[PDB]
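S.K.: Output the structure for:
(chains A, B, C, D, E, F, G and H, ligands or ions: 2)
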Amino acid sequence: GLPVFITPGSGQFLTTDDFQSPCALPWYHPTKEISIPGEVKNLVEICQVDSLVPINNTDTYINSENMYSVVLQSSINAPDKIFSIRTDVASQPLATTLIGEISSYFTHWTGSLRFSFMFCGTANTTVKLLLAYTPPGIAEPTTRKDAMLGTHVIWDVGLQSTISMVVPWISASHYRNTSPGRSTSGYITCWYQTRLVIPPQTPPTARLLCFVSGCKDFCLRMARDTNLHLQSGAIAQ
Amino acid sequence: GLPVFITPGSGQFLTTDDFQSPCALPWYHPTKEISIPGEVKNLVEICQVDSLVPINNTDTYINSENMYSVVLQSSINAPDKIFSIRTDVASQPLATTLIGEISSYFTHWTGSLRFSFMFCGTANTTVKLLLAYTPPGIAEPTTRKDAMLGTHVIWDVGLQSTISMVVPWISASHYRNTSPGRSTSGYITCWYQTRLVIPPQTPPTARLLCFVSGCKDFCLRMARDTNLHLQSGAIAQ
Amino acid sequence: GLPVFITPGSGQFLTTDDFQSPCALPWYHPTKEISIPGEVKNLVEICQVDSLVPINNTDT
Amino acid sequence: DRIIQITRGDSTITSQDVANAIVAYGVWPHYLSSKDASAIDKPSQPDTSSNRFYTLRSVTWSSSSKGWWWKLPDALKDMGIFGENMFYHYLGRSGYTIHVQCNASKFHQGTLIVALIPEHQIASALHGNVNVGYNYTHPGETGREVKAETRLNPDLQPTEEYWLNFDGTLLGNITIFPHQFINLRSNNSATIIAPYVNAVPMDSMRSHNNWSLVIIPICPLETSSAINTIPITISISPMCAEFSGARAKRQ
Amino acid sequence: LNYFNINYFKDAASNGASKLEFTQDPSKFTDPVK
Amino acid sequence: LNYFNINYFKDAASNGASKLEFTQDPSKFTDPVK
Amino acid sequence: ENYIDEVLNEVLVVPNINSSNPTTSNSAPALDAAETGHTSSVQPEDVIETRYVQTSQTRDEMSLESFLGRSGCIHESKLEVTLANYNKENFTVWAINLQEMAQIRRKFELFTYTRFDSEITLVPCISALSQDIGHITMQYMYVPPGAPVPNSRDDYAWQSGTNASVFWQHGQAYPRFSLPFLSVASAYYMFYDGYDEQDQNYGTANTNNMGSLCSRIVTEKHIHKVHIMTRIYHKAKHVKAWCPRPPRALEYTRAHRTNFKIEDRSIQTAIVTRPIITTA
Amino acid sequence: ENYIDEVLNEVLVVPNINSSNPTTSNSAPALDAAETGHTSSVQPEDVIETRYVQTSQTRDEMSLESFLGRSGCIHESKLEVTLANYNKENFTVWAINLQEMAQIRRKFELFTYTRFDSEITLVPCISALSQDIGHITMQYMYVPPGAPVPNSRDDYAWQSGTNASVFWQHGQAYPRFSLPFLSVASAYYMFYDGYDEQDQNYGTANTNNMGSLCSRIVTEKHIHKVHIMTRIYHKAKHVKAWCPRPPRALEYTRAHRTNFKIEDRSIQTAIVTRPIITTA
Ligand SMILES: CCCCCCCCCCCC(=O)O
Ligand SMILES: CCCCCCCCCCCC(=O)O
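M.R.: Numbers count the residues shown, from 1 in each chain, chains lettered A, B, ... in the order given. Ligands and ions are numbered 1, 2, ... in the order given. Shown next is the protein structure:
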């Protein structure tokens, strides 16, 4: 006969609650747990793994393997641009990578980003390139002089065939929305530095690859529902 | 199977209750708190700040800056009255000041009040004035002799241009209603003491300003809803 | 998830009960109490005071 | 006393009759600590080449004036090294020091109100579904003056209700903001020192205005002399400025 | 005189009202100066 | 700051969510090698 | 010692009043200068003869937690069911903002920045337009920014894989839940002097974006005509604030804006005129 | 010390950022070789000049328990009662599987093996097709493999000698119960590369068989026409996982299968084309 007082919100079903409930199978003893390699404990281990990014997402190479590489020409003698993408973690074309796919389940993000490039050409072929990052608040650069005035790295190909640059975290606040709308986070571009030189009787073109992964300060919060998948009809049983 | 007894009043929704409820966002970690200047902890700090009072609230100066000042004439040689207002904290015209606006959210009040006056005239102009406060229970004075028989201060203008008088707390009970209805709390008046004297080739008029703030014994209680604001239609989204 | 058992007589309104209820005016501080002469604590003090009795209650 | 002397960079200001000085919210400006930092790159501190005094264009005070207002750091958008650094970077923060000077004779009378308002969001002039254009909130060093003649683009201009603080709040309650008075019979100068206040450690300098300066004549100017129009001058000095995120020039 | 006070949920937001502390009497508003 | 935590049922499945532990930072995924 | 004071609400004491005597000296505390932007510090025992009084009031009710810790309505949603095209209509979407009710908006707009936790309570009501109501069930789901927004009663988005949801049925008590401080910055913005990246949307319309709140009726097709009206109440906990501002004087017109002009209407405030200033 | 951190969710700290100075040496940490199948270990303080920053974020929300511990709908069953042949119809049978709702299926198929306990909640709804509903009672029974499956409303199998059952009636709250990890092996299979003993049924259609869930209406004959719709929600506790896999890119077609082809339909993914690659 203990007197009690009922508070508002009783009897409701909240999806994200945490309460204990009686079991339907008393005295049941589950199977023992053997050791299996490859146990994942946090989602941040997945985000620290490189994956290719579809740079060449035009209509011609829409469903093939040609969308992951970009071609270089040796007939060009000028400081020209090769490609340019946005650095927003959840925007195209890098929204479909591993880190992009995982980030679509949250709303806020922070930390730095790491980009890697690999050169796939003949061992007798040499080139020099320039990779630059542009902080927000200004239009996209159109000439090498404007691109140089910023965070940039100069790459020379040799015995090693991979380079890695980082995009520092530069923002007014501490977090950013994974779906920004009208705001941006900057651009990254690539330009010819000197030329692409080949010996006689050699293919006159070369390919390139790009990877992306998160640095040691990457983080996510405020989990939500992803927007990269949908169910139109009904799944057949 | 603990026996319990249900008491009356269970399941109700009381607006001013205090109960714990489950959270809808488990494991969420809010953003850190940086230091921002200007942190307010109590509402009494706002009430201890001076603000102007619209003494001249006639129809001519209804929407302008002329309602905050009163003019003095040098062509008057007589003990005349300049202005008079009521000392109720939540009545016109001092109901729209900071302390008046804050007091409209409560029902009871207590403590003393502080009034300040500033003289805005030529540096070669001199005057003497009389400020008096009349306790309740009697009609408003009409002559300087009646006004003098009370709490009053004599002001002489010089290098300093500001004077400050206080209105002591005199009441039968310990608190007063912010909306009194028929009762009153007294009056405060201003009279010419000697004259306003100017040199040759000088403007013949001068202006005055008034401020108000609470003393160290001001207090409020029994919070309610304000009556100085209303919503007629619907706010467009 | 503590299991409980409901006993008869729950939810009723008994006029002479004694239970605690939430307050509608949080953080309110009532007025102080001054000393007033003549404080009554029990009803037996009233019963120990003389009073006249209408012995002659005729119609006249 | 009435004497004051302030030296920021290579410039000095003196005055022989002032009324103390105001430190906004009782906090002195300083640099950014590592406990609150968000960006990871190294900031740039021009020091003495940018923390100096800059003077804006003067205005005329007559018997029919109504008021003026400015915005920061929009006013100093082209003042040498500070403007160049503001337009070459992406983030920045700084404090300020404001000095207002206006002198008259001993046969004049008048009073001014000088206030500094944070996050002063002004209201529109017309009714319906309208908003405020970008060009009219960034007038540069000239500032904005309340007038009566018809302006162009009525659907983008702000309001002229000076007595409503330009945003729907009664004048006379403005004393909560850091403020000072100028009485012609007492003093002729005002000084306010303000730190950096915001909800974020650092922010874009071309899309956000932290502070605003408002001048309102509460008592009309009146005199019997032949000098019936008095000028007003304003000087501003950045304190502890730093920038980050270098790129190409926005302009 | 006294009363019991126990939290039941694991989240801080889930708890009740904060305990009234101080009013920071020193007012920089009244005297905005060092 | 603190909170109560008592189990009422006799089964472990009946209890609430498990206490967050570690993330096993060493990632064999990043560097799949001894 | 600490339970007793707060149970009696005897914290936050007020200074007493000291007795005074007639004085005559060179120092004049009554005189001062108001051009310095400071408030005078004159006390009653400096200009009049006072009596020793032991004050007993306490300033607990003027604290921020007491002032802002009261529930108030912030929204009202009306849902009318139709028996034709049952699986297309019968859902509502609302964007979260505390700028549609005059009382709450004016109370909270007294400062520039704030930081607090929230508490939400729902009050559902059913209006009967037929002979009977039957069994009615309702669902409310919270959609953070970027998540898919349903556009039909039978959309797949209602499965609520990660989104939080709550259910209510006739005969049940009022639902209630709590929310933490959910913002990118360290505080909320009530006034913003800035634009977006395209130099558009002046005001707070860009910084504040907390998502949407959706609702639907879960019961299948039936033969009853009803209307559902739900009211949402909000209360703040663990409150902090900065930089107070003057109170609003006129009526609000639009959300996220400070416009006050009204077509064919003069400006009206709370000030009442007088015939003459020499008569109170 | 342990209550405080978890109440504030301050576990799982993140490393800080250290300051750096200009360098010029023979060692070049920026250069590496990606043919080794390893991830580069370059940090921001190796290629640029940084500032000392004390980070404050915590990675608690990306844990597996937080990620997978949310309720979501997995099934919807519709039961229409008929007043003719009352004792023959009016029962439903469903085979348990977590492969019929896109959100839950895609969330859980990010790994190869998992092991967890379950929690089930039911949301019953009644649709009125007549003047009144009356009194309605429902029963749900769990049938493990090998147990007799009822085929009528009045079958003897409803006596529930050993099978677990639950009852619901109008005006009652939502039922809820828990289940342990019930599998023959040490983990669940989301992908299986194998067949059965007859070299048939390729996939997971053979390893996963948890039984069936049955329901019926217990009320006897009446004169009311109603429809009953019940929704089942599931949440996982004490979760472990192994061997992560790439996320799904296309829509699902069938259960226990990975087929994606659709008649008279081109292949569509989430990638959006561009006019030219030199303009972002
Ligand atoms: C139903 C969810 C309602 C929660 C809203 C409270 C948080 C809003 C804080 C800032 C909103 C604004 O100022 O408009
Ligand atoms: C109503 C009972 C529902 C319980 C199902 C949860 C356990 C299923 C685990 C594996 C099922 C599968 O992967 O299809």
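
S.K.: What sits closest to residue D:178 if chain neighbours are left out?
M.R.: In space, and not counting its chain neighbours, residue D:178 is closest to residue D:24: 4.2 Å by CB to CB, 6 or more residues apart in numbering or on different chains. Placement of C-beta: from N, CA and C, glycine included.

S.K.: can you tell me how far the one you found sits from residue A:11?
M.R.: 52 Å (CB to CB, to the nearest Å).

S.K.: Which one's more surrounded, the two?
M.R.: A count of neighbours by other CB atoms under 10 Å in any protein chain shown puts residue D:24 above the other of residue D:24 and residue A:11, at 26 against 17.

S.K.: and that one, what does it touch?
M.R.: The contact partners of residue D:24, taken as CB atoms under 8 Å, 6 or more residues apart in numbering or on different chains, are B:37, D:116, D:178, D:192, D:193, D:194, D:195, E:32.

S.K.: ok, so of those, who is nearest ligand 2?
M.R.: Distance to ligand 2, by CB to the nearest ligand atom, is smallest for residue B:37 among these, at 54.7 Å.

S.K.: quick one: whichever residue of the stretch 1-150 of chain D sits closest to ligand 2 from chain C, how far?
M.R.: Closest residue of the stretch 1-150 of chain D to ligand 2, CB to the nearest ligand atom: residue D:38 (42.7 Å). To chain C, residue D:38 is 37 Å away according to CB to the nearest CB, to the nearest Å.

S.K.: Spatially nearest residue to that residue, not counting backbone neighbours?
M.R.: Using CB to CB, 6+ apart and skipping residues adjacent in sequence, the residue nearest residue D:38 is residue A:174, 4.9 Å away.

S.K.: quick one: what helix or strand has that neighbour in it?
M.R.: For residue A:174, there is no helix or strand it lies in under DSSP states H and E.

S.K.: Distance check, it against chain F.
M.R.: 21 Å.

S.K.: Help me confirm that that residue comes into contact with residue A:110.
M.R.: Yes - if you go by CB atoms under 8 Å, residue A:174 and residue A:110 touch, sitting 6.2 Å apart.

S.K.: State the number of residues packed around residue 36.
M.R.: Just so you know, I chose chain A. Neighbours of residue A:36 using other CB under 10 Å come to 14.

S.K.: wait, I meant chain G there
M.R.: Residues contacting residue G:36 under the criterion other CB under 10 Å number 21.

S.K.: these two touch, right, it and residue D:19?
M.R.: Yes - between residue G:36 and residue D:19 there is a contact under CB under 8 Å: 4.5 Å.

S.K.: where do the contact lists of these two overlap?
M.R.: Residues touching both residue G:36 and residue D:19 (CB under 8 Å, 6+ apart): residue D:180.

S.K.: Could you pull up phi and psi at the residue nearest to residue D:178?
M.R.: Main-chain torsions, residue D:24, degrees, to the nearest 10: phi -60, psi 120.

S.K.: same thing with residue A:47?
M.R.: phi -70, psi -10.

S.K.: How about the residue of chain A found nearest chain G, nearest residue that isn't a chain neighbour?
M.R.: Sorted by distance to chain G under CB to the nearest CB, the residues of chain A start with residue A:9, at 2.8 Å. Counting by CB to CB, 6+ apart, residue A:9 lies nearest to residue G:176, which is 2.8 Å off, once chain neighbours are set aside.

S.K.: contacting residues around residue A:173?
M.R.: Contacts of residue A:173 (CB under 8 Å, 6+ apart): D:38, D:200, G:184, G:185.

S.K.: Switch those residues over to JSON lines; also include secondary structure and neighbour count.
M.R.: Putting these into JSON lines (DSSP: H, G, I helix; E, B strand; the rest coil; neighbours: other CB atoms under 10 Å in any protein chain shown) gives the following:
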{"residue": "D:38", "secondary structure": "coil", "neighbour count": "22"}
{"residue": "D:200", "secondary structure": "coil", "neighbour count": "20"}
{"residue": "G:184", "secondary structure": "coil", "neighbour count": "20"}
{"residue": "G:185", "secondary structure": "coil", "neighbour count": "20"}
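
S.K.: Pick the one among the residues you listed closest to ligand 2.
M.R.: residue G:184 (36.8 Å).

S.K.: Tell me how many other residues crowd the residue lying closest to the closest one once chain neighbours are set aside.
M.R.: Take residue G:184 and drop its neighbours on the chain: the residue closest to it by CB to CB, 6+ apart is residue A:175, 4.5 Å away. Using other CB under 10 Å, residue A:175 has 21 neighbouring residues.

S.K.: same check, this time on residue D:133
M.R.: 18.

S.K.: any idea which helix or strand carries it?
M.R.: Applying DSSP H and E, one finds residue D:133 in no helix or strand.

S.K.: That one against residue D:154, yeah?
M.R.: No - contact criterion CB under 8 Å: residue D:133 and residue D:154 do not qualify, at 10.9 Å.

S.K.: ok, the residue nearest to residue A:9 touching residue B:24?
M.R.: No - judged on CB under 8 Å, residue G:176 makes no contact with residue B:24 at a distance of 10.3 Å.
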